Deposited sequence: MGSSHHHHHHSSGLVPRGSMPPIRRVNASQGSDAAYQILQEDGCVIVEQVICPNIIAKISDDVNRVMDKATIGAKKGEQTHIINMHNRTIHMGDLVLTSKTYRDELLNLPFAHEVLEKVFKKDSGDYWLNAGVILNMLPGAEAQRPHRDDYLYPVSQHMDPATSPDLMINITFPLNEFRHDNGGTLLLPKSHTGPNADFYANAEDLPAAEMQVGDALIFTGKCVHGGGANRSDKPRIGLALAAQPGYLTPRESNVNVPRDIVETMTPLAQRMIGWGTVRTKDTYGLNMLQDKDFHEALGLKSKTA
């Protein structure tokens, strides 16, 4: 298979986006200050299937997540390049800590967009991207500890019930401060953690606004939401999302979500 190509965030989001569209995945090195990941990680530790812990409700868990990570400029630049023309505004499907314990088995390689049934009714070679996943290692990702397996350049062929054997796929190997980005059409799966320590990443899933988020955030206190940026509030569902035709979704009282509520931001 082809290799998982890498780019430094210094090369600019358009360099990352270009590998994303040629390969369906890219590793972006030094995309964010390790101090931020370390702090989120600390917030998380203070707080299961296939020996893998999935933990969400990250908005309530880490101010650093609400402030720095949900606002990371490089990420939104890539997300805009993916979604704006074909789809319009975007927001979060879910933000989840993936804690992959030793003994976790590799996942069957798959396309994330199977979650939304319409992906099976559109030609992957031309359809809009329904999902972007950005995974930040909270510790080192290697092949031997379950680093995400990927099939580069698999994001345009036909939808299938079988794509590859996990054991044939290269692993995303990358450091705190880096991020892996792959699309809903990129064949991938969790790797096997054959090591003696957990492999922990923060996985943000973004998608067009016209797609219902998996993780609802209507439960966050409005006090806490009102310290976040307008962009971050929209990410967690507390804002109106417009389609590429400027059709407004998630409207309240027939007006933009923020105005109906009088929702303050920072």
- Which deposited-sequence positions, grouped into ranges, are missing C-alpha coordinates? 1-19, 67-84, 304-305
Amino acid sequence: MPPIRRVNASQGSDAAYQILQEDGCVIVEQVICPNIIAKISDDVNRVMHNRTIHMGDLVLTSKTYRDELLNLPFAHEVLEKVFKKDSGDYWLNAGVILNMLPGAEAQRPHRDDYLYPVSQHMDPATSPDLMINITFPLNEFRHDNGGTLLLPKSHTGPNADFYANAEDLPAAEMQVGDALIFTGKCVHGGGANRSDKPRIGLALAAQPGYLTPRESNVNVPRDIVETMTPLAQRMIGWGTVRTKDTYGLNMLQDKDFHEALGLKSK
From here on, numbers count along this sequence of modelled residues.
- In the PDB record, does 229-237 or 207-215 carry the higher mean Cα temperature factor? 229-237
- The stretch whose C-alpha atoms carry the larger average B-factor in the entry, 111-119 or 162-170, is 162-170
- Message: Considering every modelled residue of the chain and its Cα B-factor in the PDB entry, is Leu20 in the lowest, middle or highest third?
- Response: middle
- Query: Which third of the chain holds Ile36 when residues are ordered by C-alpha B factor: lowest, middle or highest?
  - Reply: highest
- Classify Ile181 as lowest, middle or highest third according to the C-alpha B-factor given in the PDB entry, relative to its own chain. lowest
- Message: Split into thirds by Cα B-factor across the chain's modelled residues, where does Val44 land: lowest, middle or highest?
- Response: highest
- Within this chain's modelled residues, let me know which third the CA B factor of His188 belongs to: lowest, middle or highest. lowest
